[PDB]
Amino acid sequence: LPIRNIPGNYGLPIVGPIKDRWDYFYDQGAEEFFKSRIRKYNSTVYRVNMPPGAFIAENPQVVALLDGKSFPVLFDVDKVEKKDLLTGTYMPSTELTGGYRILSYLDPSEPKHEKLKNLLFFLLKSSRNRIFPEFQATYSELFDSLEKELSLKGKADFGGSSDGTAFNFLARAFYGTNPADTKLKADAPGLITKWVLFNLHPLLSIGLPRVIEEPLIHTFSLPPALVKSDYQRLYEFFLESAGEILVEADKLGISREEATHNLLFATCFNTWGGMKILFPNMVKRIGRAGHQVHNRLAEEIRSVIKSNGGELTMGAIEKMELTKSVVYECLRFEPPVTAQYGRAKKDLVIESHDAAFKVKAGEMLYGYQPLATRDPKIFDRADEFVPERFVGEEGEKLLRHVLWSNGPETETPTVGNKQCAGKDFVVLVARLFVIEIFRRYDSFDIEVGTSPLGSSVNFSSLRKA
């Protein structure tokens, strides 16, 4: 491949980044922000300013990787450093996380990365016999409530009940604890939402006019002091509920305090937060796929469970080919977290489809994942949601290009890499979610709107089996 100069520029100090931030949030939106510049520069690799800049991030300058050939450099821990860049070119105050740099911010070169990731692997393994029954019980209650709401209002808001369901499910599955039996009662979603806002506001729009939003959430950090008492309520819940997991933390040589803040983060930010994005997005894409797809899913799911004596098991799920494929297609089409960063550790040569680009040690690399996973030089019908895309031997090969977990779907998270520690769990619960929908319903209709995280979704019909 020819070596090309990396196109793009950062504009003037102060005003360049501000204009780019306006495009990103208001005048273009993320997808068109990136696509318009791919067109202008005739390149899927280019220099661009990323939010937040202002007084939140020291340096907004990145090299963007916007195709599925260049993007995977972001996974290579021998090429990129992954320290303090979970959220990009700024890091939320450690005052938001008990004074600790939490696992997700740690480079694999840091010894506590191995210890803490092992702790989460244990959490997940130890929960294995609780996941199915607790998912089925909590999500059954959710669909009961949605049917109730639909009967009253003619529509049922998914997100504002499903957030409670997700936390209750996680508390019961991971910790054998029903939040209703604790001081948290039903408050957890509100507490976590506020705390997440204090962490991620520089990256989000909350729908307000830019004249309000820009000074309020895009210029300076919200003060961590204002969420400390809410966080303490969460901390005490984890400290008191996570006894069994804290025993393993002790054996791994992690302090009780550090383990607790890490369990809180993994459960509330990584898991509950990721589910908050993923589940409504899944309802949106599956809804749009139409009733014929719904009927095919219902037929497969119900037939398979019947073949399994009515027992839903991991092996039964492996028979649900369309279901597995639909879940992967949600993850490919609409990666729940679009932004992955990595700082070049050394000088690199980054290959794209038609050229290679040289980057210097210290440059911040950034990838907008949807452009890698909807790359038409990798996927046919790239901008179409194709339920059956991953069905069969040939379809399954394409899983190497599904990147939602910050690594190929064909690869395994390890203590040596920065791939999502919960990769198998996410894919499992996403499958269980589809299964619970279509064991109950033949088909459904939805109404859709915007949300600061993910999508706002109402059900307008739920056709019972």
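Numbering starts at 1 and runs along the sequence shown.
- The PDB entry reports B-factors from which the mean C-alpha value can be compared for 200 to 208 and 303 to 311; the larger average falls on 200 to 208.
- Per the PDB record, of the two stretches 179 to 187 and 92 to 100, 179 to 187 carries the greater mean B-factor over its C-alpha atoms.
- Sorting the modelled residues of the chain by their CA temperature factor places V415 in the middle third.
- Among the modelled residues of its chain, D250 has a C-alpha B-factor that falls in the lowest third, as given in the PDB entry.
- In the deposited entry, the Cα temperature factor of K324 places it in the lowest third of its chain's modelled residues.
- In the PDB entry, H401 places in the middle third of its chain by CA B-factor.
- For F167, the recorded CA temperature factor ranks within the lowest third of the chain's modelled residues.
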